[PDB]
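Data first, discussion second: the structure below is written as C-alpha cells.
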Amino acid sequence: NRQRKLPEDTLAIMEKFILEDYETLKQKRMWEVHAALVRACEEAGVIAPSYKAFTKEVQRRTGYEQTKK
DNA sequence: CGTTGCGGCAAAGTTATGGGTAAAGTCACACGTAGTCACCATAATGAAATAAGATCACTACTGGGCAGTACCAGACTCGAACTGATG
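Dropping the structure here:
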C-alpha cells in the first residue's frame with residue numbers, strides 16, 4: 416500500500432515547513448520545527464502529522480543538499 | 001452411473017507500505033572556537049639623477065669713425081682818405 420495516508424493540504428504544509436524552517440542557517444532541532452508545524456496546522460484547520468512522520472521524511476532528504484543548506 | 005483429473009470463483013493467507021502511539025535509547029550541559037601567516041599588485045613618497053641649459057673665460061676676425069688739417073674764394077664792415085655844398 417504505497418498510497419499516502421495523509422491529506423494533501425497536510426503534505427503541502429509539512430513540505431513547506433521542512434523547506435523553510437528546518438533546512439535553514441539555524442540548525443534547529445526536529446522537535447521545535449514539528450511543534451511550529453503543528454501550531455500552523457492547527458491554525459489552518461488541517462491534520463498535523465506525528466513526530467515520527469516528520470523524522471522519517473527528514474530522513475528522506477539527507478545527502479548533499481540538506482547538509483549544504 | 002460412478003470415479004478422477006482439471007479448471008473457475010471467491011474468501012483466506014501472506015508481504016508490503018505509509019500512519020499513530022508509548023517507551024527504550026541518545027547524547028550534551030559540563031569556560032571556550034575563531035585565529036594566523038603567506039601572498040603579490042598598486043599608490044606614494046623621498047632620494048638619485050638627469051640632460052639639457054646657463055654662464056664664464058679665452059681666441060680670433062673684421063667693420064670702421066673722430067679730432068684735426070687745409071684751401072678757395074664771396075661778402076659784409078669799416079679805417080682812412082677825397083671831394084662837393086654850405087652858412
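Here the first sequence stands for residues 416 to 484, numbered as in the authors' numbering.
Virtual Cβ for every residue (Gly too), placed ideally from N, Cα, C.
Classify residue i: buried if its beta carbon has 16 or more other beta carbons within 10 angstroms, exposed otherwise.
i	result
residue 422	exposed
residue 479	exposed
residue 434	exposed
Out of the options, which has the shortest C-alpha to C-alpha gap to residue i?
i	options	result
residue 471	446, 435 and 442	446
residue 424	462, 417, 438 and 448	462
residue 429	468, 417 and 444	468
residue 449	438, 465, 460 and 442	465
residue 432	453, 475, 460 and 483	453
residue 455	436, 420 and 484	436
So, helix, strand or coil for residue i, using DSSP?
i	result
residue 418	coil
residue 477	coil
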